[PDB]
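Undergrad: Here it is, the structure in full.
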Amino acid sequence: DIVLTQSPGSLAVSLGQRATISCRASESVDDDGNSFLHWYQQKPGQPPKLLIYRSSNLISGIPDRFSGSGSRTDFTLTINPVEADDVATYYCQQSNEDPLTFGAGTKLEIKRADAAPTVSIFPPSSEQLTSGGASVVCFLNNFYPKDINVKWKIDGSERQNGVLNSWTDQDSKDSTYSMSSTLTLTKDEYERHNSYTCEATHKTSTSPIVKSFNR
Amino acid sequence: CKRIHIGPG
Amino acid sequence: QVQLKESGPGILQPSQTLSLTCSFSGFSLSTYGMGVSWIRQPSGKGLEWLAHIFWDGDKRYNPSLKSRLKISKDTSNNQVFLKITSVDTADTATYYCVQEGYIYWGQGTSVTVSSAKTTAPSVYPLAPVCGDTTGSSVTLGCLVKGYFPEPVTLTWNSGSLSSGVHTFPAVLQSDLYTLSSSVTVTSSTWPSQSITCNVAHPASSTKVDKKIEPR
């Protein structure tokens, strides 16, 4: 197989600046002359969109901000200036030899200032308790950057079993992240401790931003 | 052999 | 200009056989230089090419998948079919069919290979047990535990409230998905104005309207 390796795997860029992406092939993807490396943009929900074909050729209608260079094994894709709707994943593809391979994808994410998460905690609604299961829910919302950490502490003791974590990607209008962390215990187990608390540590602090409720 | 075509035309 | 559209079994038990059908318009598959590809995308993972058929009847198969695939055509009926045999669970993905040229892609259909049946979900409500973090706003929530299959549709106030809303993507715990949302309102809204969570899980006529009453 011809294996395509893309770097960067992730890209935080500001609007109006330059952004470069790279694809390198395990071998030449060329006849000799034209190359068979193309570039696809994939917006979440949609199919990949072909942008650039045979390394350098722009597909009709794509913005000229999109260019491709390279030959034989080393190819590069440039977006300049990045406008806010190129916040997408980019893939390269080779069609010199079957099987037809694509690379891992680079995703463009906008950069913005730090914002710390407004965490909030939810006990179990009675309803859940009546049917034998308890979920305590922590909402850590509207933060930049992505990387965050959530510790679930019960009575003060750490607890990792049964945490089910979820992120949103880039909130397009304000360029932020939100995350949902659910601890689900049994109603019986739940009824034997008084204190559920949820710890978040973000680049934006020297404290944990902690959230507690007693039963 | 042939080639899966990618791009226009 | 051209249309491509897939048709899938929806859900499959492991180790069955997946049928896929690609319906098109815009080109007969007898036209010289015609052909149709099937590319496969996992959940939030890259692209993988699976197979390709050309107008002159020659088939192309992903050689690490060549075993389990078989492409075919009903050329006087604008149909390309795919059978992927012995469905393992690491075969849940989205199937795209693409016409030659790779410009024109069909939306893609989901297949999930889960040895489980349609469970309709419990929609528990999430209110604070008394406190006000944030700026004289409160976050509320809705917990949709334990369903199959994707998706549920959730709207706060039926779309009469969408700004300030986060709908965290569905994770799966016990082979059963768990989705969650939050809404932030100013305090003058709830408890005064009432906010209700609308969950709809169509594969089962589960249509659950859970109101967030303040405790």
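Protein chains in written order, with the numbering used here: chain L, 61 to 275; chain F, -18 to -10; chain V, 16 to 230.
Where a beta carbon is used, it is the ideal one built from N, C-alpha and C, also for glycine.
Just checking: is the beta-carbon of residue 114/L within a distance shorter than 7 angstroms of some beta-carbon in chain F?
TA: Yes, its Cβ sits closer than 7 angstroms to a Cβ of chain F.
Undergrad: Could you check whether the stretch 46 to 56 of chain V touches the stretch 112 to 121 of chain V, counting it as contact only if at least three pairs of C-beta atoms, one from each stretch, sit closer than 8 angstroms?
TA: yes
Undergrad: Would you check if the distance between the CB atom of residue 199/V and the CB atom of residue 137/V is smaller than 7 angstroms?
TA: no
Undergrad: Helix, strand or coil, according to DSSP, for residue 169/L in the structure here?
TA: It is a strand residue.
Undergrad: Name the chain F residues whose beta carbon is nearer than 7 angstroms to that of residue 67/V?
TA: -15
Undergrad: May I ask you to list the residues that DSSP assigns as paired with residue 90/L?
TA: 95/L
Undergrad: Residue range of the alpha helix (DSSP H) that residue 186/L falls in?
TA: Boundaries of the alpha helix (DSSP H) harbouring residue 186/L: 186 to 190, taken from the DSSP string.
Undergrad: Given that residue 144/V touches chain L, what residues does it touch there, using C-beta distances under 8 angstroms?
TA: 183 and 273
Undergrad: With a cut-off of 8 angstroms on the beta carbons, I'd call residue 71/L and residue 169/L a contact; round off their distance for me.
TA: Right, the Cβ-Cβ distance comes to about 6 angstroms (below 8 angstroms), so this counts as a contact.
Undergrad: At the level of alpha carbons, what is the spacing between residue 83/V and residue 28/V?
TA: 16 angstroms
Undergrad: How many angstroms separate the CA atom of residue 74/V from the CA atom of residue 49/V?
TA: Spanning the alpha carbons of residue 74/V and residue 49/V requires a straight line of approximately 12 angstroms.
Undergrad: For a contact defined as C-beta to C-beta under 9 angstroms, what are the partners of residue 224/L on chain A?
TA: Note that chain A does not occur in the displayed structure, where the protein chains are L, F and V.
Undergrad: Provide the residue(s) that pair with residue 100/L in DSSP beta bridges, ordered along the chain.
TA: 110/L and 151/L
Undergrad: Does residue 235/L come out as helix, strand or coil in the three-state DSSP assignment?
TA: For residue 235/L, the three-state secondary structure derived from DSSP is coil.
Undergrad: For residue 190/L versus residue 138/L, is the C-beta spacing smaller than 7 angstroms?
TA: no
Undergrad: So which residues on chain V does residue 188/L lean against when the C-beta distance must stay under 7 angstroms?
TA: 139
Undergrad: Using only the alpha-carbon positions, how far apart do residue 263/L and residue -16/F sit?
TA: 50 angstroms
Undergrad: For residue 21/V, which three-state DSSP category applies?
TA: strand
Undergrad: Going by Cα to Cα distance, which pick from 132/V, 173/V, 59/V and 143/V is closest to residue 25/V?
TA: 132/V
Undergrad: Per DSSP, which one or two residues make a beta bridge with residue 138/V?
TA: 159/V
Undergrad: Measure the CB-CB distance between residue 227/V and residue 142/V and report whether it falls below 7 angstroms.
TA: It is a contact, given that the beta carbons lie within the stated cut-off.
Undergrad: Compare the Cα-Cα distances from residue 178/V to each of 231/L, 63/L and 199/L and report the closest residue.
TA: The candidate whose alpha carbon is nearest that of residue 178/V is 231/L.
Undergrad: Measuring straight from C-alpha to C-alpha, what distance separates residue 251/L and residue 176/V?
TA: Per the coordinates, the alpha-carbon of residue 251/L lies some 35 angstroms from the alpha-carbon of residue 176/V.
Undergrad: Answer yes if the stretch 191 to 201 of chain L comes into contact with the stretch 230 to 247 of chain L, meaning at least three C-beta pairs across the two stretches below 8 angstroms, and no otherwise.
TA: Yes, the stretch 230 to 247 of chain L touches the stretch 191 to 201 of chain L.
Undergrad: Quick one: is residue 41/V near chain F, going by C-beta distance under 7 angstroms?
TA: False, the Cβ-Cβ gap to chain F never drops below 7 angstroms.
Undergrad: Of the residues 158/L, 150/L, 172/L and 215/L, which one's Cα is nearest the Cα of residue 69/L?
TA: 150/L
Undergrad: Report the three-state DSSP secondary structure of residue 247/L (helix, strand or coil).
TA: Residue 247/L falls in the helix class under three-state DSSP.
Undergrad: Compare the Cα-Cα distances from residue 307/L to each of 130/L, 196/L, 64/L and 91/L and report the closest residue.
TA: With chain L covering 61 to 275 only, the question about residue 307/L has no answer from this structure.
Undergrad: Could you check whether the stretch 180 to 199 of chain V touches the stretch 164 to 172 of chain V, counting it as contact only if at least three pairs of C-beta atoms, one from each stretch, sit closer than 8 angstroms?
TA: yes
Undergrad: Using a threshold of 7 angstroms, state whether the C-beta atoms of residue 195/V and residue 240/L are closer than that.
TA: Yes, they are a contact pair.
Undergrad: Distance, Cα to Cα, residue 243/L vs residue 224/L?
TA: 7 angstroms
Undergrad: Taking 7 angstroms as the threshold (C-beta atoms), are residue 70/V and residue 44/V in contact?
TA: yes
Undergrad: Comparing the C-beta of residue 117/V with each C-beta of chain F, is any distance below 7 angstroms?
TA: By this cut-off, residue 117/V is an interface position.
Undergrad: Please confirm whether residue 184/V and residue 218/V have their CB atoms less than 7 angstroms apart.
TA: Cβ distance not < 7 angstroms, so residue 184/V and residue 218/V don't count as in contact.
Undergrad: Jot down the residue ranges of each uninterrupted beta strand (DSSP E) in the stretch 158 to 196 of chain V, minimum 3 residues, whole runs only, in chain order.
TA: Correct list: 168 to 171 and 180 to 187.
Undergrad: Give every residue of the same chain whose Cβ lies closer than 6 angstroms to the Cβ of residue 268/L, excluding the five residues on either side of it in the sequence, and list them in chain order.
TA: 259 and 261
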